[PDB]
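Below, in structure tokens: the form solved without ligand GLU, a single chain.
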């Protein structure tokens, strides 16, 4: 009694076969998108079948088996409701309420220190969800590219710890928040930057990646790495933001020369080239949709959820989530850690890279920032989310009062 046939009848309702649209609809309702890389063969076999019989197609059991056999295990988990969020249709309904609610918060100031950022309209607002099992949901402007800015800091920290290990990386950068009044100091008592989530630390981290090769190859290697983290969804580069960040960033040059003088770089660092590498990394483009997959790689222990590929070592993933917890929303980090309890990372383009470990990854994006540098809609969304679901890090998974737990049906 084989899986492909049990599934066939589970979808077959006792009618002797299954219309293709009716398989596509049942698939989409599990959260999986028909373009999921892990479903390629199934979809290739489907489109081959719709070249044959162009009147239908209506699939019997061996023809259904013919398409679905290569992806049956992933399909059985989808259809039997084994994903981390079983009733994904209900849950994306709540995401949308949360989306509409936060959309009413028009406050904040679009970052304008740079013309590329000032140009973005304050009304742009998108939330994208990718769960640990590949369930996708978007609402809003989830396909408009924008710059990762400081959202790239946890990613490139991840890469560095991935390639070099925790111990090496933290020879050069701390692992604690500075305290709501060393905001302004570049270095802790040990003469290292306080953590990889602030600019001095991000800049040092940058000097660690793929040492020995030139900047063009370093950027290629980070790009190929982001490509894997996003399951080959959109990752681009904004040369306008780049040129302009590097002509309008005296603060970072001040940090660079400070780091150089205190001997904060590995031996042989070319500090002015590192800053230029840094500015490019800040100008990498993503969409809400592709950036949520990247977070979901981090929610999923370093496996990209829509491709199954191992992208980052668990160590790198745990360090990254750890520092995003305490250091990820700038001056709001401790408040965010207390009330939201989620690892998150914000950037000046208006994005919050949000990770719900073991559940989902998310990317919120609205250009208007509050006075601490965080997207107003983004922040408002993060508070709502944790007020709704027991996703706060220290919510209890058994006794969670009247909050909703999307991981369950009852």
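Shifts are known only where both forms have a C-alpha. Residue numbers count along the first chain shown, from 1. Take the two forms, find the largest set of C-alpha atoms that superpose within 1.5 Å, and that set is the rigid core.
Although it is not shown, the form solved in complex with ligand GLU is what the next lines describe.
Taken together, the three residues 149, 252 and 282 all come within 4.5 Å of ligand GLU in the entry with it bound, as judged by their closest heavy atom. Though the partner is left out of this view, residue 278 does reach within 4.5 Å of ligand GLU in the entry with it bound, counting heavy atoms only.
With a 4.5 Å cutoff on heavy atoms, residue 348 counts as touching ligand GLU in the entry with it bound. Among heavy atoms of residue 257, none comes within 4.5 Å of ligand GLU in the entry with it bound. At a distance threshold of 4.5 angstroms between non-hydrogen atoms, residue 133 is out of contact with ligand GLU in the entry with it bound.
Site annotation in the entry with it bound: the residue of 330, 237, 221, 265 reaching within 4.5 Å of ligand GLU with a heavy atom is 330. Contact with ligand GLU in the entry with it bound, defined as a heavy atom within 4.5 Å, holds for exactly one of 199, 76, 227, 92, namely 199. The stretch in contact with ligand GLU in the entry with it bound, judged by heavy atoms within 4.5 Å, is 149 to 157, chosen from 266 to 274, 149 to 157, 227 to 235, 124 to 132. In the entry with it bound, just one residue of 233 to 247 lies within 4.5 Å of ligand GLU by at least one heavy atom: 245. Compared between this form and the one not shown on the core, the listed residues 34, 53, 358, 29 keep their C-alpha shifts below 2 Å, save 53. Under a 2 Å criterion for C-alpha shift, the lone consecutive stretch of 3+ residues that differs between this form and the one not shown after core superposition lies at 53 to 56.
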